[PDB]
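Remarks on the structure that follows.
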Amino acid sequence: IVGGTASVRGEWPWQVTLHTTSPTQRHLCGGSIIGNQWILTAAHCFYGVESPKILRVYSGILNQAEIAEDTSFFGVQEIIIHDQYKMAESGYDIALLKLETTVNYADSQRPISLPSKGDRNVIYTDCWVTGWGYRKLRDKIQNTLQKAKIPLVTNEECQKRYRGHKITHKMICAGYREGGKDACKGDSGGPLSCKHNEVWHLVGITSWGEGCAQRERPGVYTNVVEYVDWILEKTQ
Amino acid sequence: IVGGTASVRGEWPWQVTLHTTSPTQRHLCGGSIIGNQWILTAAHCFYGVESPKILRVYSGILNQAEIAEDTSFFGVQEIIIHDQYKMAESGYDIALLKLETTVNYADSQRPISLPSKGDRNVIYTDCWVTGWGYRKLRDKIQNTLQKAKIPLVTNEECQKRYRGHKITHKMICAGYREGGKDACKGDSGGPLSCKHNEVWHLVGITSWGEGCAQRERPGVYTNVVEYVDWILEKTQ
Amino acid sequence: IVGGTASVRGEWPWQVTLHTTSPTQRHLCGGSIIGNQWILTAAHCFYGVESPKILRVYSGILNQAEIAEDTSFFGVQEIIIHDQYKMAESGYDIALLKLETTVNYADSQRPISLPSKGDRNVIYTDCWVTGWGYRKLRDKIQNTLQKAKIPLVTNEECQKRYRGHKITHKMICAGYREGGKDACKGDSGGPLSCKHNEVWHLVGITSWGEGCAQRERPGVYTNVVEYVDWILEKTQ
Ligand SMILES: COC(=O)Nc1ccc(-c2nc(CNC(=O)CCc3cc(Cl)ccc3N3C=NNN3)[nH]c2Cl)cc1
Ligand SMILES: COC(=O)Nc1ccc(-c2nc(CNC(=O)CCc3cc(Cl)ccc3N3C=NNN3)[nH]c2Cl)cc1
Ligand SMILES: COC(=O)Nc1ccc(-c2nc(CNC(=O)CCc3cc(Cl)ccc3N3C=NNN3)[nH]c2Cl)cc1
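Quick mapping for you: the protein sequence lines, in order, are chains A, B and C.
Whatever position you read off the first sequence (first residue = 1), add 387 for full-length UniProt numbering.
Whatever position you read off the second sequence (first residue = 1), add 387 for full-length UniProt numbering.
Whatever position you read off the third sequence (first residue = 1), add 387 for full-length UniProt numbering.
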């Protein structure tokens, strides 16, 4: 996260860190708890992942230093990628992880609500991006989960900033005209969380951008409300 | 209907009683007129129904005692069940009956309007459940069509009351925290009718609940607005 | 267009005239620029069109007399018709033309924005129908692009006027109770353009009606917001 600050332990209790054990164990990408056997994340995270067996999901984590050989985790029973995904920039960047066991909900780990089809015209004013990603384009994975408040921008606006891409209605964009705050490498698959009517909604999945936090380059996120049918179908 | 009252003749002119003639003729479930050859009802009503030939649809009925051997009815040309239905509790509990002849609309029999996709955020405050079902869990089919006003509850609220089920965005729930008014056995397939802007909309199809009218157990209804594409496709 | 007036050059810069070169060149129908290789139009326009090779798309046109042998045009690489279209009156009257080259946007030719799924409850009050069609049922193609302001009517209202048709939620209707202003022969495939919040949206595609501009016979238009998924899918 560029231009963010350290989170308070458990203020983002749906946020997970997904690790790979190959070749030695490391953070791979963010994700969100949406059901007690279910993590919502980005399809692109699974490039060159041949098996769910090398994946570990850690919940209730603030600092990456909490994770050691003796730390408990959830195994992944199945990776489910949207059947129309090709790459982050052309959309459908969405995947589900079916956990081998179920998450016991608690103050340190609990699900985030999905937005509802009838909220397509809601104006979110309290949206945050979170993760353990780089603090600039050339950096390293951060120990402490970072947060940053970022305003939504309309698709018409986002499209003007990405003339060489098609910004579709299945994407949503967030950023400062002058940049300075954004996701970056290591944040993808994580949530864009917006509080509305005292409740937090999973509005976006962190997906792609041109560099990190650059002026006139909003972050691009998978527009979660567009996939609620798909989520329902697959989580059966 | 638990805790309801007798309806006035024709105040629910889209409400039908669907009968089976096997082994002797009896009420099977409720339904709603949505087009002049078309009844909207619940898929689960057709468990063990091998043929449309044993089905009779009665319209303009207030009292089950109006129905006798010489009473006219509409035969069913075809039963159409949603192809993803398995059982009431996992959703898609929706079916269409194509009538052999067309209904002549009149004050005693006429169609109810379907809700529109752009009403997903409407707040219905005037909703009623109707049918000839039991007045409690252990009872019998009632002679006179009963009605009851029941408030909608949000899906988040409904979900808390049904911890062992998945209450999906394709369901909608209605009930009193303290219970006392609800559908019951014999009511299913019938409408949940809500009046908005001087017009009645078919918001729900009566589907399932844990017992009838129990405290903290709202009734669960198929969320009709979610199926308008499906209704359009099939009624061609 | 019945009861309309001459347009100002370039006030409808997304409007195109689609011509056929067989047997001698003539106007065939209207269309709208929605992307720089993409025209949105009506499926029915392509009845008996065996090949894209005989199609020419002209942009930046006010008067049909601008079109001559030496006038530049865009060839069509591909005709894409909705796979569920059978005929205008049963709906799905929508088609895309993939142009052989890309349109250079300018003040005389530029794309119109598609409505968004979250605008299904917007109340459009500033809607216009445009084209080079007949000024009455028995007439000829007009030289100068005509315009007419026409109010939207609800589907319930439209349905009452077309008792022998099914007016679906994928259609939208516009007209005066007393008639007098409407599309007519030669206008189809063209836009119904509504200005909302200082922006123009492509709300309808001119599709069908009973005669032209008759009292109690609104024009019927393909309801574009219902096809945004389809447009996205096909324009890949
Ligand atoms: C010790 O373990 C490790 O080192 N782990 C580790 C794990 C993963 C990665 C990694 N993940 C990605 C995928 N992209 C993202 O995460 C953010 C995409 C993104 C989204 C928005 Cl909204 C805005 C901007 C950007 N954006 C553009 N440029 N950069 N970011 N790339 C790399 Cl590299 C690196 C190191
Ligand atoms: C002489 O002819 C006859 O005797 N006819 C006859 C025909 C049908 C049936 C019959 N129909 C059903 C299916 N369920 C429903 O109708 C209501 C479901 C329901 C929905 C909501 Cl929202 C809330 C609660 C409930 N709920 C839970 N418990 N009970 N009800 N079960 C039986 Cl049994 C019985 C007798
Ligand atoms: C020199 O080149 C030429 O002569 N070119 C040329 C090209 C095309 C046509 C032509 N196109 C059509 C298809 N229908 C429409 O265009 C409008 C449909 C429509 C829509 C609404 Cl909303 C309301 C009313 C109507 N409506 C009903 N009755 N009439 N119109 N029919 C014919 Cl004929 C004629 C001549």
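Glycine included, every Cβ here is placed at the ideal spot set by N, Cα and C.
Range of the contiguous alpha helix (DSSP H) that encloses residue i
i        : result
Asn423/B : No alpha helix (DSSP H) holds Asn423/B; DSSP gives it neither H nor E.
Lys621/B : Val615 to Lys621
Nearest residue (CA-CA) to residue i, options the options
i             : options                                   : result
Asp569/B      : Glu585/B, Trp515/B, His588/B and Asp526/B : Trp515/B
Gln623/A      : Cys416/A, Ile388/A, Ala393/A and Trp425/A : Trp425/A
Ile554/C      : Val612/C, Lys473/C, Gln471/C and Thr541/C : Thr541/C
residue 624/B : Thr489/B, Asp457/B, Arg443/B and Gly606/B : The structure shown does not extend to residue 624/B, since chain B spans only 388 to 623, so no value can be given for it.
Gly417/B      : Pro410/B, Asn423/B and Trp401/B           : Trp401/B
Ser394/C      : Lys621/C, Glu585/C, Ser495/C and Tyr434/C : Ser495/C
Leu442/A      : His431/A, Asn423/A and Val463/A           : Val463/A
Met558/C      : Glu544/C, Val611/C, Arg525/C and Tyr445/C : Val611/C
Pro502/C      : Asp616/C, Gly598/C, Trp399/C and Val590/C : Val590/C
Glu544/B      : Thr531/B, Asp526/B, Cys560/B and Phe461/B : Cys560/B
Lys547/A      : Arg564/A, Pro538/A, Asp480/A and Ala535/A : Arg564/A
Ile467/C      : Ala475/C, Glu476/C and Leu483/C           : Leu483/C
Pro410/A      : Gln471/A, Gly435/A, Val607/A and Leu427/A : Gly435/A
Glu487/B      : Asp526/B, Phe461/B, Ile537/B and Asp480/B : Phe461/B
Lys621/B      : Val444/B, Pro439/B, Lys485/B and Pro498/B : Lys485/B
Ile481/B      : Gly577/B, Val444/B and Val509/B           : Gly577/B
beta-carbon residue i near ligand 2 non-hydrogen atom, thresh 7 Å
i        : result
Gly596/B : yes
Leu415/B : yes
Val607/B : yes
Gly520/B : yes
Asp494/C : no
Cβ-heavy atom distance, residue i to ligand 1, below 7 Å
i        : result
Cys514/A : no
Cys545/A : no
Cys599/A : yes
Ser575/A : yes
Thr593/A : yes
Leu579/C : no
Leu524/A : yes
Residue i Cβ short of 7 Å to ligand 3 heavy atom set
i        : result
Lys572/C : yes
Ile528/C : yes
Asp569/C : yes
Beta carbon of residue i nearer than 8 Å to that of residue j
i        : j        : result
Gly562/B : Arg507/B : no
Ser594/A : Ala452/A : no
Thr408/A : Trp519/A : no
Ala600/B : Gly566/B : yes
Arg522/C : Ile388/C : yes
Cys432/A : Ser580/A : no
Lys534/C : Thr517/C : yes
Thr531/A : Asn584/A : no
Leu427/C : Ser438/C : no
Range covered by the beta strand (DSSP E) that runs through residue i
i        : result
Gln546/B : Looking at the DSSP string, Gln546/B is not in any beta strand (DSSP E); the run it does join, the alpha helix (DSSP H), is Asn542 to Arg548.
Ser594/B : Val586 to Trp595
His583/A : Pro578 to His583
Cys560/A : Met558 to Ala561
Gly518/B : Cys514 to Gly518
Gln533/B : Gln533 to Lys536
For residue i, the residue or residues it bridges with in DSSP
i             : result
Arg604/B      : Beta-bridge pairing links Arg604/B to no other residue.
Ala482/A      : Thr428/A and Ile468/A
residue 649/C : There is no way to answer for residue 649/C, as the model of chain C reaches only from 388 to 623.
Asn491/B      : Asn491/B pairs with nothing; no bridge assigned.
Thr392/A      : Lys534/A
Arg413/C      : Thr407/C
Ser500/A      : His588/A
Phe461/A      : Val444/A
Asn450/C      : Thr531/C
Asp569/A      : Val389/A
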